[PDB]
Amino acid sequence: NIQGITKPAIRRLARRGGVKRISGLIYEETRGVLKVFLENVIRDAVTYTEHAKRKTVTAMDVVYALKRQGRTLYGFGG
Amino acid sequence: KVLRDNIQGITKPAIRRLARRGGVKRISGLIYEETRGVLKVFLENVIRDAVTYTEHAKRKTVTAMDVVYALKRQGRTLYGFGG
Amino acid sequence: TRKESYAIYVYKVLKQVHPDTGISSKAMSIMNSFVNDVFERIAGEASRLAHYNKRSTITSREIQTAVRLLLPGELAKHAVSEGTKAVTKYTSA
Amino acid sequence: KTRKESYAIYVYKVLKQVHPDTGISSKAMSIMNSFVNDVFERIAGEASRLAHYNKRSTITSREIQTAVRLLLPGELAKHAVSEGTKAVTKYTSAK
Amino acid sequence: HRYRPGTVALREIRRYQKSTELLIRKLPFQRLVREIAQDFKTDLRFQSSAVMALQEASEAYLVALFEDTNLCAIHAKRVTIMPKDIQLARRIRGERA
Amino acid sequence: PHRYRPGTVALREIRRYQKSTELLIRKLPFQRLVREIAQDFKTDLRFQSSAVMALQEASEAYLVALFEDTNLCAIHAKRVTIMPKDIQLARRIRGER
Amino acid sequence: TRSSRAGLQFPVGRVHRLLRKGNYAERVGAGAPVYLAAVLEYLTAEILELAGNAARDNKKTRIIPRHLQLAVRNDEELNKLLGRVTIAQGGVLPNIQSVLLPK
Amino acid sequence: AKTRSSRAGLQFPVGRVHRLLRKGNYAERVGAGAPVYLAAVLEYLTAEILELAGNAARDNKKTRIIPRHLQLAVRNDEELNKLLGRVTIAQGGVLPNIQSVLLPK
DNA sequence: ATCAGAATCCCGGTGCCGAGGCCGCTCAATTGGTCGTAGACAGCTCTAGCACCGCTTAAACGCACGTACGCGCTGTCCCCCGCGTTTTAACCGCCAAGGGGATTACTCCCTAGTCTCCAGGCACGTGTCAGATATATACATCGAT
DNA sequence: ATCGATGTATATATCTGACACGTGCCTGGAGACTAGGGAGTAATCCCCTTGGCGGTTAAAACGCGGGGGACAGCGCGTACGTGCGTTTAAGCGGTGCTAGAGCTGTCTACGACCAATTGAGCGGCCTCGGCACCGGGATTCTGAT
Ligand SMILES: [Cl-]
Ligand SMILES: [Cl-]
Ligand SMILES: [Mn+2]
Ligand SMILES: [Mn+2]
Ligand SMILES: [Mn+2]
Ligand SMILES: [Mn+2]
Ligand SMILES: [Mn+2]
Ligand SMILES: [Mn+2]
Ligand SMILES: [Mn+2]
Ligand SMILES: [Mn+2]
């Protein structure tokens, strides 16, 4: 699952990131990092869904979550 | 009466004292001017805002509250002075 | 003039919790700030929840879920229990 | 089939006002609409505290104004106050 | 022939900063998302836009992060990013403790 | 005579200033500074003495927070001495300008 | 309308509704939906300006998210404003650190 | 009892928390459990903090909680420290922490 | 530089699906209008902000000296990048089924609004003890011999 | 290794003003009542989500081989810490002056609120062209020599 975040995918992100050379241990580190990220965002997201009494997490729950966390995103119904 | 060069009030021993509470042991000589640089951009930010509140409140006196609201604005909330 | 404050309620609770212990003017002030900060933070995020759900009213359901976003775990959990307790207590009485 | 609002058409009209021979994608249109709502909240919000802070019940053009001056960077604020004070006076002309 | 170690790296950087397409293929990511949410609530459904939103937010974030990571690498007279950089980046961001 | 070795009083001073809470910048200089900057934004302003004191409280906190993160950057670079470039990395990463 | 009466393209009505309903204050002045709709109009112009430019520069008649991103990150003042906003399908500006370049 | 505080068995003034929520434009209307809940959560936290401050005061051999005592309290508690991760306490000071590499060998 | 030699760019042809446009309905805006109150504005007092001075001295400045750290060099060893081939599952297109979210009409519980009634909470005053300040003394450790 | 002085730690007594308390005065909450609209609930709908299936096709994987970057060791050169004597201005508390905040008091303009009429704005609609797609030829480098 997590290991579904492939080495090459992580490599591309670092390239768009401006990074030239990548240590082996980075890849796993990236994963914990990404995990923590989604968790917090999805925790907040779901809380919105739980409060909206829905079995379907919407985009707006996500969007509201990212706002909460100061990582505002445009293009999904601001 | 006119006011000039006051940033140099921020003496080197003080910019030192802060760095110590900051856990810094060895301080490069080119640090003291950069710190003043930074402190200035910092005070210019809080006071631009503090003042904008003071202007809105239609006042000639800047209050502890205008300051505190400014900090809150800049995401540097401060307890101890009202609010 | 009247300057309102949580100075009494904070005293009360301090006496309940550390009866041989006093608070300084500044400390009180700080405390007094902390209550107000967390008040807005909570109240605001509740307000967003009403709004997001096309709803005209902030009920303790809001104040609750507000709490679940704002606070960290152990703090949140306890606070929630603590809260929904006094509501229950409040209804009956 | 629910009648969901946006700023889409006005974004367009303004697009024509600045780049008459240019168009837009839906994906970028969302971004423009998001942008509008975000900016609307931030200004409205600031204005709201301003009122409270000053023990007053009304959000006037003045509140909006100073809100703008706290929310915006030196230059962008500057023009904004212009267009703001302009359209208002021009509004108070007509009736 | 053979391109000198690091020269396709530079070439790839150019290619990705020029493009805006997403870099983690959707389905592994999507499966990662559902897994993580299940831990918070059972029997849940996601809007496909809700997953995209997350995806954008996450990648954009990670890229930003590599940017700042990469600066730390450089700060240490290095050219390879290492976990110790990320930790410093995040530490200073105030993300991690 | 007697002479403490280099770095010995630094460590002492750190511990001194980490036990206490009293402001480190002198009171009067500080005020003169703030009155300047504020003048140059709008003339003819007065201050509640507590309002200066607020800005200072807020100022030192920041700089001490700053030095903290500067210090980390020095150490990141296998160094022990803080340098403008360190501060500069902290601020880029904090996302200050 | 009132967009007319203020020379605005932006719905002066819509805005007055939203302020009253979005719980910002008890009462809401007549100038403010106008002042604000204007500032909203002003800023959406500056973006549409520099993005369009960017779409010309990138040789397209239609603005995609990228053109917005380019417009935004390249503008020093706009970029600050949207300092905490990730723009969907924005990508990044091209920037490669010196010491990474070949010798 | 008359005080809504007492009905809820709380130290915090539920009448105050009620007025504030209205003179605050968070919504048209306010429920009646929301003040109660909030007035209580406010209490949990002032208690939770005062507890750790007093302990801080105690170790420093003192009768009276001064802000250092609140500061020590806050930054020693993983969780409280995060709630107030962007906040400054007048006269707080910082936690005694000196980096390894700066210590003599 | 000077070579071929990749890999990338720019170009002309084709092609398809979302832009951008119009069709017409409807619901949000506008109009005309009443009512009262938030806040403008002029009057008045009373806090605290500024100013200015000199006795005191703690802090800051400036220079001298050398120590130990910044950094520049080297030298080794291996951890990543490049690249060719071998292995998985991403993706797309296609249909199928029911969960849940969206919309609608109804009643009743709950909350705003209003009035009269009074102690919780405030300022105000006051008296004393926690804590700050000054000064002597013992304990620890760093660095010099 | 033993020896001395330095700073810190601590013990005392000492003096002071801030917290914490009691008293009394008032404003914000309690109490009791109404009337109205929000929201909750139940009843129908259809849209969106999931699911499962099979085809090419790119992407993941994996390994191989060697190059250059990390990292560790060393040494040079010097900047920054330390200390002392000199120098400057902060902090203290004490006095004097009025500007401006904050509290006050009247009148009315501007906003909310209600109702009735009108087109601005939205979804639904189709056709059409800006642009994604590409196969060939134009260039702009990279590494080898
Ligand atoms: Cl107005
Ligand atoms: Cl409630
Ligand atoms: Mn000036
Ligand atoms: Mn050459
Ligand atoms: Mn072409
Ligand atoms: Mn009034
Ligand atoms: Mn169903
Ligand atoms: Mn020895
Ligand atoms: Mn006057
Ligand atoms: Mn009116």
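Values below: all heavy atoms of this structure, side chains included; hydrogens, waters and symmetry mates excluded. In what follows, chains carry the letters A, B, and so on, assigned in the order in which the sequence lines appear, proteins first and then strands, with residues in each chain numbered from 1.
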>> When you measure from the side-chain N and O atoms of H:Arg7 to the phosphate of J:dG31, is any distance below 4.0 Å, counting only OP1 and OP2?
In response: yes
> Where along nucleotides 43-63 of chain J does protein come under 4.0 Å, by heavy atom, of base (B) or sugar-phosphate alone (S), with - for untouched nucleotides?
Replying inline: ------SS--------SSS--
> Can a salt bridge be assigned to the pair G:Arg14 and D:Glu5 using a cut-off of 4.0 Å between side-chain N and carboxylate O?
Replying inline: yes
> Are F:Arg12 and F:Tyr4 in a cation-pi contact, defined as NZ or CZ under 6.0 Å from the six-membered ring centre and within 45° of the axis?
Replying inline: yes
> Between F:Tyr4 and J:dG81, is there a side-chain N or O to OP1/OP2 distance below 4.0 Å?
Replying inline: no
>> With a 3.5 Å cut-off and heavy atoms only, can you find an N or O donor on one side and an acceptor on the other between the side chain of E:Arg2 and the base of I:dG82?
In response: yes
> In residues 13-24 of chain H, what residues come within less than 4.0 Å of DNA chain I, judged by heavy atoms?
Replying inline: H:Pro13, H:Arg16, H:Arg22
> Side-chain N or O of G:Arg2 less than 4.0 angstrom from OP1 or OP2 on I:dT30?
Replying inline: yes
> Using rotation axes that map the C1' atoms of four end pairs onto the next four (five pairs an end), what angle separates the end axes of the helix from I:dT56-J:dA90 to I:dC77-J:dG69, to 10°?
Replying inline: 60°
>> Tell me whether A:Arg54 forms a cation-pi arrangement with A:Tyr48, defined as NZ or CZ under 6.0 Å from the six-membered ring centre and within 45 degrees of its axis.
In response: no
> When you match G:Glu26 and A:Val57 each to their closest nucleotide on DNA chain I, which lands nearer the 5' end?
Replying inline: G:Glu26
>> Need one value for C:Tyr6: base, sugar-phosphate or nothing, where a base atom within 4.0 Å counts as base even if backbone is also close, heavy atoms only.
In response: nothing
